[PDB]
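Peer 1: This is the structure I have questions about; it appears just below.
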Amino acid sequence: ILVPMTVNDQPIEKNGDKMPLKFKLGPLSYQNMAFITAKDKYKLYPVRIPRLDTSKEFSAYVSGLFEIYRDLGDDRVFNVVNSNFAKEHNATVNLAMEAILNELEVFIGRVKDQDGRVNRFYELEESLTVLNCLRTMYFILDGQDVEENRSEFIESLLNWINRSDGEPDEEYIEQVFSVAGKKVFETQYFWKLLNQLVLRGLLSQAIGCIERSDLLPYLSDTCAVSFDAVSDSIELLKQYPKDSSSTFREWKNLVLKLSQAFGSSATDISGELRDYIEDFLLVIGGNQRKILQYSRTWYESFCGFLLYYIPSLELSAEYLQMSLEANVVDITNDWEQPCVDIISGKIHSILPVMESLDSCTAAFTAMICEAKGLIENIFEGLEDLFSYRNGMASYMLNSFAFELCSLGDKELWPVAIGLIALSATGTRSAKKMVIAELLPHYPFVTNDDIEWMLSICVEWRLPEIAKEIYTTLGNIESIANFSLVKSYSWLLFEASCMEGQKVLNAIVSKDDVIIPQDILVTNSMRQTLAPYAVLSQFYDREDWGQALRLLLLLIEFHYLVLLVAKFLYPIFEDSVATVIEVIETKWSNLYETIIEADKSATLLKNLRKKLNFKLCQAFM
Amino acid sequence: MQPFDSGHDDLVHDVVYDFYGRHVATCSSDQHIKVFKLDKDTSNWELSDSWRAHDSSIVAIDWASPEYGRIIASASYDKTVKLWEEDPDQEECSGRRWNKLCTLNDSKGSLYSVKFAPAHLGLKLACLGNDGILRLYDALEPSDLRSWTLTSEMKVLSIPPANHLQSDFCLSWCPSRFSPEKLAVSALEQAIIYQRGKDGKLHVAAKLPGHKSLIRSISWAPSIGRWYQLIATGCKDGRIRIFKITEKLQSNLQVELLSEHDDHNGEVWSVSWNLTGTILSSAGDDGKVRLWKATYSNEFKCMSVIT
Amino acid sequence: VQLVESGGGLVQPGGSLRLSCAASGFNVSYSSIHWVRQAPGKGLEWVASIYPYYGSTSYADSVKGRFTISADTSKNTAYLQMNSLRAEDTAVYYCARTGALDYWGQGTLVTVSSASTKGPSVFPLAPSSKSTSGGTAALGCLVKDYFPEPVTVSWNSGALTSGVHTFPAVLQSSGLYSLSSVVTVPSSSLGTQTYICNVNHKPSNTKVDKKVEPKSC
Amino acid sequence: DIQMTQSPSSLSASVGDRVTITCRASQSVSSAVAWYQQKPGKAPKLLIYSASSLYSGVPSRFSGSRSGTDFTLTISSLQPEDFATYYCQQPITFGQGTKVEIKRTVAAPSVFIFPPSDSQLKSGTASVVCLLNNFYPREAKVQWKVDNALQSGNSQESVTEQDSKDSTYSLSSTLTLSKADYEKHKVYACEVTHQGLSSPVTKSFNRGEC
């Protein structure tokens, strides 16, 4: 794929000295960067990865599919309550296939409505057609024949066919109901468009196109005989069986009877209308020759064969062949060949191409194909997952996850991590490592985002990761919130300095109830003690107790000592003396500055104060 | 996402993303370092700050892990390496938003590259220049972002001839968190890998053979999920190379060549990786950028060509 | 991110209402949910809060003993059960959260009274026969004697908006509201254009369309 | 309970002006004070928390500051979209609110009188309506006269919010009488006094004339 880096300013022209182009992939898929190391080339070109989906519709799609994946539970795996586990397994899986189909339809819709580019709509519909066909052929009957469940099958088939292409588009209905050079509606066109409708199961419309021109007119008048045919034929059409393969057995009976009766009877109509009515009855009766004759595309043939001839997939091999002999595969669209492949047994080798259309769809497709047991891990062996060692599906899912991580949409990160966590293969420790490396890139902003991260660190036991994340968060109010060892020590020192200099946080340490609950370390305790001391000071024996507490704190710990000395001087028995002594025993620029600020020599003043205290003790 | 002017007078050498991909650092020959911010509201890139940082041409740059603060490192032809830390208490574009935290003058030759090490090893970094001597530096006390000690010195090249303008050197650490400390180094035609030994010293654990010219770029890929390592190189001989390195003349390291690509027909100047090591990028003379994904067979295929 | 409030409306005095606030986009389990109310034309009044962390609750004096705040962390939903409701409790009620009050409910109106819902009568305010030649005329509708609030008015089904003024209702001494709505149009269009006022009183399911024209003599 | 007093309760300022609203706490609260903006008919929106922290996304023209027990909300350059009631907040209690309007040049009202419709009299009551359209300032005075007698106690009025483009007000006044009292009188008149009016304007009709 060739895309223009910038369809505005292209930084090169002639081969004029092939310039050194440089490119760096960014942490965000949609924000990479290119530049050039050359003279007069100082522009920066932000480039986003070719064919990247940033849309909301896409993330919605992704979430929906992850939901289907998650909801599949144990059934997303395939075990190579006895004979029912099999049937019920297929039941739920087959249903999941329908869910995927739906989610993709919705997505495709929202793409057609909110869009700049409709190419995405077309590709997504194609993906849908191919998936409808896949379900119709492997996700309904579970290897059995149509009799096993005539209702569901014909429903999906009829659905698949009438969503693949648009024709017959009502823009073509009026196209012939307008064209003349003939009497009323009786040229190869009307009938071709009537048969087409029948072959596609579009019986309602079929009937309508008849009650449009000569149901009662030309027939009820000209030939009363063929009028009865053309009428109770429309009656049989009105009651084509779609639930009982018995009712169909009898239906084709009445139809073949009608075709024989009319077959040899009163010809009171034009030479052409005669046959034109016979063919219609043959097609309805299931004549192979005719079903092929009035078919525009192979899938019309195939569909017809299943609807009017013999409703057995045991003949699909033959049906497809005849169909392809009549109309070759139309290489205009990308869905026809894949459908042919599906029908003809070779399901595989579609994952790479679907991966080219859309990574996501391909991923989950491979996943459900593994669930069905249509593809499995043949490998049989290096302590990790993202390889060929596990499934092809595991591989594609894990790949999608990783791809989601660079998308920068925090909504999908749960999908990514969940995808990895639920991966049916790989050691819990291997996953542990992968998550340990991905999580740090989570684009958290809210509090909740962070709590989610943490919850995942808990759930997976990544204390070194959580410790790192938090470290990133820590990097006055912020510091208060934070309150590694060195940092705590520094915080302690700061608190002590503040106390020496001397609200809600301080009280909590010593809405409010919630905070107390959250709080429920050494630095913190020290600050609390300092606060208590200050409170006592604000409030003789109390003062002494506070002074004692201060001396004890000083012993546990230069600036602090100076502040203490200052406090003692301001205040200016045996225990007190002992404390003073210990302080003297314990006894740079910042300290001197603090001393100068307090005064607005220190050792001498301290000694003098000590002497005074001793004298006081002696007098007592 | 339209182009924009860097604000540099002389040619720009390196552009690097921060951890979150929302910030970018640029360094040019006009001896300036510019930092751009990606405004949330208006999805435009807008200059956060510019400033003169070296006496000579600044060739390399790099951001440190966010868990150590906002730190950038620069290497210049003035034989030095400087470290800077963003001071959020300054106006943007004031030229005073990033304070020098230190300078490393040990190099006696110009410097071509500087790369921070994986966060799980502390503030660490490496540099290489004309002197052909790789040097590792460590900020031993994460509190003192000035306390930069020299952790190691290794002679990559042995006899660099005094008459060659034709010089190139590149660095790239192994990002892997669950793999023994190691880093890749390119020097002219050669490309060798170093690994931490039990003795806490760097040893040559292997070489990436095949280069028939100057190695313009190299980068170790994030091995998230894999058990092996992958490093890519953009040579002057016009070939991209991707090597698979597994650890099972004195090595514990195996070396496979996974791919070779000449699609560029000319020198490959830049080689870069995904955040997941899922995509590999290459740029060269043809004025084109190519994105590569790995096949199921572990071969590499071009998933797109930008121009 | 979004709070959602449901379950207010009209309630007889002495009666009861349970308000819900369904949250999303944030950690309900460590947040505090507050209810703050605003009576017509007055300021904000905080009535209650609950800690989802501790389950602690508290109340303004004005509602204590009649209002119960609760919360179900498992459906991210909080509640305010309002018993023995009074005219004094008529107000728009907002739920809001703290992790200040960054996330606000769109509010739901609680009206408390016994008066029967009564549809308004709608009378024309007809354009003066002396309307200035080549000048501007005024016309309108008077929407009289309804209860409770609110009423909405449009002109020509929303197609006429320019020069429209719909005034605040006044409460008559009867206890019923009255309001007026008017529009100015060119005088030369009184003969030639149609002006219809469209009145809706949801509480009584009243809808009226009234053509306003000059009076005949 | 803590009381929060805002000054002033109401203010008018021009676009581009600097605006200051102050809030004084009954007792000493700590920097635990938030500022909100409320448009009429809508939920309040947080502006400021912790006295001086700007809430994410809020324009930088809004700032908060503290001096002791006085809290200040400042708008550095007032914009037309900024009209609202602003509230401080510290039981949690809210200040009483400060209403901010945009100041402009005088605009005289246009005056219109409407007689009661036939349909109204038809029910026993008579409402006479006086409209004052598109004026500034807000202080207009309506005086009803019935056969030139002054009226009191039997009328009510209301005023629209300021127009978002031209910044004017309109005012409606309703005079209410019994049908019988209405029919006892001939001349119904509404007299409007306003700054923009150099003398009072009277609009009137005669009952039952056309």
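So basically every Cβ, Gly included, is an ideal-geometry build from the backbone, and we count neighbours across all protein chains shown. Bear in mind that the values in this text are calculations on the coordinates, not laboratory data.
Peer 1: Regarding the stretch C:172-182, can at least one residue be identified that is outside any loop (DSSP other than H, G, I, E, B), under 17 Å from the mean Cα position of the chain (by Cα) and more than 10 Å from chain D (Cβ to nearest Cβ)?
Peer 2: Among the residues of the stretch C:172-182, at least one is outside any loop (DSSP other than H, G, I, E, B), under 17 Å from the mean Cα position of the chain (by Cα) and more than 10 Å from chain D (Cβ to nearest Cβ), which makes the answer yes.
Peer 1: Shifting gears a bit: Within the set of pairs 6+ apart or on separate chains, which have a first residue in the stretch A:513-540 that is within 11 Å of residue A:483 (Cβ to Cβ), a second that is among the β-branched types (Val, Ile, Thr), and C-beta atoms under 7 Å apart?
Peer 2: Final answer for the pair search is A:519/A:508.
Peer 1: Just for the stretch A:401-457: of the residues that are of a type in the set (A, V, I, L, M, F, W, C), within 11 Å of another protein chain (Cβ to nearest Cβ) and not in a helix (DSSP H, G or I), which one is nearest to the chain's Cα centre (by Cα)?
Peer 2: A:407
Peer 1: Let me ask another. Among the residues in the stretch C:58-81, are any of a type in the set (A, V, I, L, M, F, W, C), crowded, with 16+ Cβ neighbours inside 10 Å and at the interface with chain D (Cβ under 10 Å from one of its Cβ atoms)?
Peer 2: Checking the stretch C:58-81: at least one residue is of a type in the set (A, V, I, L, M, F, W, C), crowded, with 16+ Cβ neighbours inside 10 Å and at the interface with chain D (Cβ under 10 Å from one of its Cβ atoms).
Peer 1: Can we say residue A:186 is over 17 Å from residue A:300 (Cα atoms), over 38 Å from the mean Cα position of the chain (by Cα) and part of a helix (DSSP H, G or I)?
Peer 2: no
Peer 1: Quick check on residue D:210: is it hydrophobic (A, V, I, L, M, F, W, C), within 14 Å of chain C (Cβ to nearest Cβ) and surrounded by 19 or more Cβ atoms within 10 Å (Cβ to Cβ)?
Peer 2: On the way: hydrophobic (A, V, I, L, M, F, W, C): yes; within 14 Å of chain C (Cβ to nearest Cβ): yes; surrounded by 19 or more Cβ atoms within 10 Å (Cβ to Cβ): no.
Judged against the criteria, residue D:210 is not a match.
Peer 1: Consider residue C:32 carefully, then state whether it is over 24 Å from the mean Cα position of the chain (by Cα), surrounded by fewer than 15 Cβ atoms within 10 Å (Cβ to Cβ) and within 24 Å of residue A:445 (Cα to Cα).
Peer 2: Here the answer is no, as residue C:32 does not meet what is asked.
Peer 1: May I ask you to say which residue of A:282, A:273 is out of contact with any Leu (no Cβ under 9 Å at 6 or more places or on another chain), in a helix (DSSP H, G or I) and within 30 Å of residue A:184 (Cβ to Cβ)?
Peer 2: Just a single option satisfies the conditions, and that option is A:282.
Peer 1: Going residue by residue through the stretch D:71-89, is there one that turns out to be assigned to a loop (DSSP other than H, G, I, E, B) and either under 28 Å from residue C:212 (Cα atoms) or within 10 Å of chain C (Cβ to nearest Cβ) (or both)?
Peer 2: Pass one, the stretch D:71-89, residues assigned to a loop (DSSP other than H, G, I, E, B): D:76-79, D:83.
Remaining after also requiring either under 28 Å from residue C:212 (Cα atoms) or within 10 Å of chain C (Cβ to nearest Cβ) (or both): none.
Looking through the stretch D:71-89, none of the residues is assigned to a loop (DSSP other than H, G, I, E, B) and either under 28 Å from residue C:212 (Cα atoms) or within 10 Å of chain C (Cβ to nearest Cβ) (or both).
Peer 1: Mind checking which residues of the stretch D:125-159 are closer than 17 Å to residue D:199 by Cα, touching a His at 6+ places or on another chain (Cβ under 7 Å) and in a loop (DSSP other than H, G, I, E, B)?
Peer 2: Answer for the stretch D:125-159, where residues must be closer than 17 Å to residue D:199 by Cα, touching a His at 6+ places or on another chain (Cβ under 7 Å) and in a loop (DSSP other than H, G, I, E, B): just D:140.
Peer 1: Out of the residues in the stretch D:1-19 that are in a strand (DSSP E or B) and within 14 Å of chain C (Cβ to nearest Cβ), state the one that is surrounded by the fewest Cβ atoms within 10 Å (Cβ to Cβ).
Peer 2: D:10
Peer 1: Sticking with this structure for a sec: Restricting to the stretch B:109-132, what's the tally of residues that are over 20 Å from residue B:14 (Cα atoms), of a type in the set (A, V, I, L, M, F, W, C) and crowded, with 19+ Cβ neighbours inside 10 Å?
Peer 2: 2
Peer 1: When the stretch A:285-305 is examined, which residues are found to be of a type in the set (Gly, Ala, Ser) and assigned to a helix (DSSP H, G or I)?
Peer 2: Within the stretch A:285-305, A:285, A:301, A:304 qualify.
Peer 1: In the stretch A:31-75, how many residues are more than 8 Å from every other protein chain (Cβ to nearest Cβ) and touching a strand residue (DSSP E or B) at 6+ places or on another chain (Cβ under 9 Å)?
Peer 2: Qualifying residue count, the stretch A:31-75: 0.
Peer 1: So, of the residues in the stretch A:468-479 that are surrounded by fewer than 13 Cβ atoms within 10 Å (Cβ to Cβ) and assigned to a helix (DSSP H, G or I), which turns out to be nearest to the other protein chains (Cβ to nearest Cβ)?
Peer 2: A:477
Peer 1: If you don't mind, another one. Could you go through the stretch D:172-188 and let me know if any residue there is part of a loop (DSSP other than H, G, I, E, B), within 20 Å of the chain's Cα centre (by Cα) and not charged (D, E, K, R).
Peer 2: Looking through the stretch D:172-188, none of the residues is part of a loop (DSSP other than H, G, I, E, B), within 20 Å of the chain's Cα centre (by Cα) and not charged (D, E, K, R).
Peer 1: Name the strands (runs of 3 or more DSSP E) wholly within the stretch C:58-106 that hold at least 1 residues that are charged (D, E, K, R) and within 26 Å of residue C:1 (Cα to Cα)?
Peer 2: Numbers: elements: C:67-72, C:77-82, C:91-98.
Filter on the stretch C:58-106 gives C:67-72, C:91-98.
Peer 1: Please go through (1) assigned to a strand (DSSP E or B); (2) more than 16 Å from the chain's Cα centre (by Cα); (3) among the hydrophobic types (A, V, I, L, M, F, W, C) for residue B:183 and return the number of the only condition it doesn't satisfy.
Peer 2: Only one criterion is unmet by residue B:183, namely (2).
Peer 1: Right, next: Counting just the residues of the stretch C:183-198 that are more than 14 Å from chain D (Cβ to nearest Cβ) and part of a strand (DSSP E or B), which one comes out farthest from residue C:109 (Cα to Cα)?
Peer 2: C:196
Peer 1: Any residue in the stretch B:70-84 that is charged (D, E, K, R), surrounded by fewer than 18 Cβ atoms within 10 Å (Cβ to Cβ) and closer than 28 Å to residue A:30 by Cα?
Peer 2: No, there is no match, as no residue in the stretch B:70-84 is charged (D, E, K, R), surrounded by fewer than 18 Cβ atoms within 10 Å (Cβ to Cβ) and closer than 28 Å to residue A:30 by Cα.
Peer 1: Which of the residues belonging to the stretch B:1-40 are hydroxyl-bearing (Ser, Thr, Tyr) and within 7 Å of chain A (Cβ to nearest Cβ)? Don't jump to the end; show me each part of the working.
Peer 2: Step one: of the stretch B:1-40, the residues hydroxyl-bearing (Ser, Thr, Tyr) are B:6, B:17, B:20, B:26, B:28-29.
Selection gives B:6, B:17, B:20.
Peer 1: Within the stretch C:117-138, restricting attention to residues that are within 31 Å of the chain's Cα centre (by Cα) and in a loop (DSSP other than H, G, I, E, B), which residue is surrounded by the fewest Cβ atoms within 10 Å (Cβ to Cβ)?
Peer 2: Residue satisfying both the conditions and the ranking: C:117.
Peer 1: On the basis of being away from every other protein chain (no Cβ under 12 Å) and touching a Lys or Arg at 6+ places or on another chain (Cβ under 9 Å), does residue D:106 make the cut?
Peer 2: Criteria not met by residue D:106.
Peer 1: Note down all Cβ pairs under 9 Å where the first residue falls in the stretch C:1-15 and is surrounded by 14 or more Cβ atoms within 10 Å (Cβ to Cβ), the second is among the basic types (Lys, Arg), and they're at least six residues apart or on different chains.
Peer 2: Short answer, once both residue conditions are applied: C:3/C:97; C:7/C:18; C:13/C:86.
Peer 1: Same structure, new question: Looking at the stretch A:144-158, is at least one residue among the β-branched types (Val, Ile, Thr), part of a loop (DSSP other than H, G, I, E, B) and crowded, with 21+ Cβ neighbours inside 10 Å?
Peer 2: No.
Peer 1: Every residue in the stretch A:306-346 that is assigned to a loop (DSSP other than H, G, I, E, B) and in contact with a helix residue (DSSP H, G or I) (Cβ under 7 Å, 6 or more places away or on another chain), please. Before the answer, list the steps.
Peer 2: As a first pass, look at the stretch A:306-346 and keep what is assigned to a loop (DSSP other than H, G, I, E, B): A:310-312, A:327-335, A:344-346.
Correct list: A:311, A:312, A:327, A:329, A:330, A:333, A:334, A:335, A:344.
Peer 1: Inside the stretch A:34-60, can you point out the residues that are surrounded by 21 or more Cβ atoms within 10 Å (Cβ to Cβ) and in contact with a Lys or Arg (Cβ under 9 Å, 6 or more places away or on another chain)?
Peer 2: Scanning the stretch A:34-60 gives A:34, A:35, A:36.
Peer 1: Considering only the stretch A:64-123, state which residues are within 20 Å of the chain's Cα centre (by Cα), more than 24 Å from residue A:414 (Cα to Cα), part of a helix (DSSP H, G or I) and of a type outside the set (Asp, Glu).
Peer 2: Selection gives A:95, A:109, A:112, A:120, A:121.
Peer 1: In the stretch A:201-216, which residue that is touching a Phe, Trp or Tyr at 6+ places or on another chain (Cβ under 7 Å) and of a type outside the set (D, E, K, R) is farthest from residue A:186 (Cα to Cα)?
Peer 2: Restricting to residues being touching a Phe, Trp or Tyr at 6+ places or on another chain (Cβ under 7 Å) and of a type outside the set (D, E, K, R), the top hit is A:203.
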